[PDB]
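Everything on this sheet refers to the single structure shown next.
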Amino acid sequence: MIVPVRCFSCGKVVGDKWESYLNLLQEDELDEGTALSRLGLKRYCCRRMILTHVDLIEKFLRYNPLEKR
Amino acid sequence: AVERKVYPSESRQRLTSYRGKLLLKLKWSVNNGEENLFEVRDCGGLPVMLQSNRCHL
Amino acid sequence: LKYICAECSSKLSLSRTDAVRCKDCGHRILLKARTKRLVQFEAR
Ligand SMILES: [Zn+2]
Ligand SMILES: [Zn+2]
């Protein structure tokens, strides 16, 4: 749903890199491998954690029971 | 009074059915056309499927 | 104010022996609001 704090396999903190990954994908015209490398993700265990994240939290957040729609 | 649209989220939350009223107009014909009595009769809330032309989505 | 209308999402207080409906609109579904309480957890 929301980005995991750490990589499952090794434990490297990858929770602070999802927004940067999106920025490097959108603003810069970087491919996914280049963006992951420039974030500091060398092991494929760490690369998959960001390369394959879905970010369903944004779709969950549109159903807000506390604000008039 | 004035009725308001109902959407299936309310039916899901109320734990009830999502159904629309069914209306048949009977023909109370007498003597092959001597006189005909017409009267629309509601026949309960007919369930409808979602995303159909009789659903509000 | 311990209840929220399920459609207009306006906070409303429902007294006992009172009609269960939103005061603003005509909605009969109400959601209990979560109030401030201590709830322990394990960060595991
Ligand atoms: Zn890793
Ligand atoms: Zn309301």
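Residue numbering restarts at 1 for every chain, and letters A, B, ... go by the order of the sequence lines. When a ligand or atom number is given, it counts from 1 through the structure's own listing order. Hydrogens, waters and symmetry mates are skipped; everything else that's a heavy atom, side chains included, is used.
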Verdict with supporting geometry, B:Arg41 and B:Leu23, side chain to side chain contact (heavy atoms under 4.5 Å, CB included): CA-CA 6 Å; B:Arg41 298 285 300 187; B:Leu23 300 180; over 6 Å; no

Side chain to side chain, B:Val40 and B:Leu24, heavy atoms closer than 4.5 Å: no

Check: B:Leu22 and B:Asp42 side chains under 4.5 Å, non-hydrogen atoms: no

Nearest heavy-atom neighbours spanning A:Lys68 and C:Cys8: CG-O, 3.1 Å

Sequence neighbours excluded - side-chain hydrogen bond (donor to acceptor under 3.5 Å, both in side chains) pairs with any residue from residues 8-32 of chain B: B:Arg4-B:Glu10, B:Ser29-B:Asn36, B:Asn31-B:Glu34

Rounded distance [0.5 Å steps], CG in C:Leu12 versus CD1 in C:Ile4: 8.5 Å

Reported OG-to-CZ distance for the pair C:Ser9 and A:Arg69, which is rounded to 0.5 angstrom: 7.5 Å

B:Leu37 with B:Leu26, same ILVMFWY side-chain cluster at under 4.5 Å: no

The Zn ion (ligand 2): protein N, O or S atoms that are less than 2.8 Å away, sorted by chain: C:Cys5 SG, C:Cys8 SG, C:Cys22 SG, C:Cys25 SG

Tabulate below the donor-acceptor pairs under 3.5 Å that side-chain atoms of residues 33-62 of chain A make, not counting sequence neighbours, or state none.
| unit_1 | atom_1 | unit_2 | atom_2 | d |
| --- | --- | --- | --- | --- |
| A:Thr34 | OG1 | A:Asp31 | OD1 | 2.6 |
| A:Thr34 | OG1 | A:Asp31 | OD2 | 3.1 |
| A:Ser37 | OG | A:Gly33 | O | 2.8 |
| A:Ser37 | OG | A:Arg47 | NH1 | 3.3 |
| A:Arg47 | NH1 | A:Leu41 | O | 3.1 |
| A:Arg48 | NH1 | A:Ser9 | OG | 3.3 |
| A:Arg48 | NH1 | A:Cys45 | O | 2.7 |
| A:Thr52 | OG1 | A:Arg48 | O | 2.3 |
| A:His53 | NE2 | A:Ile2 | O | 3.4 |
| A:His53 | NE2 | A:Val3 | N | 3.1 |

Sub-2.8 Å protein N, O or S atoms surrounding the Zn ion (ligand 1): A:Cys7 SG, A:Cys10 SG, A:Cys45 SG, A:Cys46 SG

